[PDB]
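K.L.:
Quick one: the structure is below, and I'll ask about it shortly.
Virtual Cβ from ideal backbone geometry, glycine too; neighbours counted across all protein chains shown. Bear in mind that the values in this text are calculations on the coordinates, not laboratory data.
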Ligand SMILES: CCCCCCCCCCCCCCCCCC(=O)OC[C@H](COP(=O)([O-])OCC(O)COP(=O)([O-])OC[C@@H](COC(=O)CCCCCCCCCCCCCCCCC)OC(=O)CCCCCCCCCCCCCCCCC)OC(=O)CCCCCCCCCCCCCCCCC
Ligand SMILES: CCCCCCCCCCCCCCCCC[C@@H](O)O[C@H](CO[C@H](O)CCCCCCCCCCCCCCC)COP(=O)(O)OCC[N+](C)(C)C
């Protein structure tokens, strides 16, 4: 339902075939389904709607917390402990958000693999490439930091990678 | 050594006149409370050594123990604070009077300093 957002967790249009029986023998599945819904689903729906109308009598809201965009570790003097603290907390929050982004893409991939049945190898190419890109980015940013990671170590890793990339680019430009 | 000889110092004063320009320690200072606790412990040990009821034997002498420890501790804390204030005063004055030995270096940001990265793997 609308409990979540369909654009971040997309699903195919859900095509299902119609029953086209070749025999007039009674179908046990349909009769069992009628017994099940009549004897299980109806009481569950009445209980749920009672609970929902009880909830409607007393309704309150909780709000998602918003955070500002404080200066990052690159805009901090070498020993400014307060700017360092702000930047470190912001970096850690961004690290958590990136972790959850990777989690979302992994959930997408798992759902694709389960849904596609026997055609998952071809029908889940877009999800696989999305996970490849996200995991490649996540790996560049945080892999090998180790225990005791910090914004400074991530910055040093990024600077080393940028130096290597610049050296490679200028060497290739000398041909 | 370092503080033994200083200009304008009275030999056996224990509390120079310039120490009165400092805030006195509060009577509820935790160090004073610890001194009172030391006095109470001394009174209890006095009771136990002399084979007397430890908690209740002598209340007047236990009170004297506690107040004596608090009384000495107050002046001890005053002198402690005065000597630390002298240390900071002298250090700041020496820094101010010798600028070339304590120069303010250029402020660099972490975007400019190149720190080597050591991977963990
Ligand atoms: C860090 C946080 C705080 C911790 C600080 C440190 C600990 C506390 C302070 C220590 C000093 C204080 C007391 C020292 C003198 C006491 C000596 C003693 O024997 O006591 C007996 C006495 C009982 O004896 P009694 O009632 O007269 O009659 C029975 C006979 O006397 C019975 O006599 P007896 O002849 O039969 O006794 C024989 C016995 C007697 O031998 C002993 O009792 C041992 C004596 C203790 C040695 C103390 C040395 C100096 C303190 C150093 C502490 C080191 C701490 C660091 C960690 C390392 C641990 C060693 O010897 C043995 O049987 C051999 C046993 C061998 C065991 C070896 C281990 C002993 C050393 C361990 C010391 C650790 C601290 C103990 C503290 C309390 C001990 C009583 O104990 C007490 O009643 C006093 C306890 C404290 C009273 C406080 C109550 C005040 C009011 C309560 C309310 C609080 C506020 C209210 C306001 C709230 C609003 C409502
Ligand atoms: C377990 C702790 C042991 C403590 C030992 C006994 C505790 C009580 C000490 C007795 C207090 C009276 C002593 C002096 C009072 C008045 C005399 C006054 O003139 O003394 C002046 C100043 O008083 C004394 O110098 C300082 C005595 C303070 C003793 C307490 C410090 C204990 C060390 C830290 C442990 C924590 C103890 C906590 C309380 C139990 C001397 O100035 P000065 O002529 O220039 O010094 C010459 C020698 N110098 C320069 C080399 C130092």
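K.L.:
Looking at (1) more than 20 Å from the chain's Cα centre (by Cα); (2) within 15 Å of ligand 1 (Cβ to nearest atom), can you tell me which one residue B:102 breaks?
P.N.:
Only one criterion is unmet by residue B:102, namely (2).
Matching residues to (1) more than 14 Å from ligand 1 (Cβ to nearest atom); (2) touching a residue at least 60 places away in the same chain (Cβ under 8 Å):
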| site | (1), (2) |
| --- | --- |
| B:4 | yes, no |
| B:9 | yes, no |
| B:13 | yes, no |
| B:22 | yes, yes |
| B:29 | yes, no |
| B:41 | no, no |
| B:70 | yes, no |
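Residue-wise test of (1) within 14 Å of another protein chain (Cβ to nearest Cβ); (2) loosely packed, with under 13 Cβ neighbours inside 10 Å; (3) away from ligand 2 (no atom under 14 Å from the Cβ).
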{"position": "B:58", "(1), (2), (3)": "no, no, yes"}
{"position": "B:65", "(1), (2), (3)": "no, no, no"}
{"position": "B:71", "(1), (2), (3)": "no, no, no"}
{"position": "B:75", "(1), (2), (3)": "no, yes, no"}
{"position": "B:88", "(1), (2), (3)": "no, yes, yes"}
{"position": "B:98", "(1), (2), (3)": "no, yes, yes"}
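K.L.:
Among the residues of the range B:10-41, which ones are exposed (fewer than 12 other Cβ atoms within 10 Å of the Cβ) and more than 12 Å from ligand 2 (Cβ to nearest atom)?
P.N.:
The answer is B:17, B:20, B:21, B:23, B:26, B:27, B:28, B:30.
K.L.:
Also, I was wondering about something else. Only one residue in A:94, A:80 is within 25 Å of the chain's Cα centre (by Cα) and closer than 30 Å to residue A:155 by Cβ, so which one is that? I'd like the intermediate steps shown before the answer.
P.N.:
Details: A:80 fails: within 25 Å of the chain's Cα centre (by Cα).
Selected residue: A:94, the only one of A:94, A:80 that is within 25 Å of the chain's Cα centre (by Cα) and closer than 30 Å to residue A:155 by Cβ.
K.L.:
Checking residue A:94 against (1) over 19 Å from residue A:74 (Cβ atoms); (2) free of Cβ contacts under 8 Å to residues at least 60 places away in the same chain, only one condition comes out false. Which one?
P.N.:
(1)
K.L.:
May I ask you to verify whether residue A:119 is more than 14 Å from every other protein chain (Cβ to nearest Cβ) and in contact (Cβ under 8 Å) with a residue 12 or more places away in the chain?
P.N.:
Values: more than 14 Å from every other protein chain (Cβ to nearest Cβ): yes; in contact (Cβ under 8 Å) with a residue 12 or more places away in the chain: no.
Taking the combined requirement at face value, the residue does not satisfy it.
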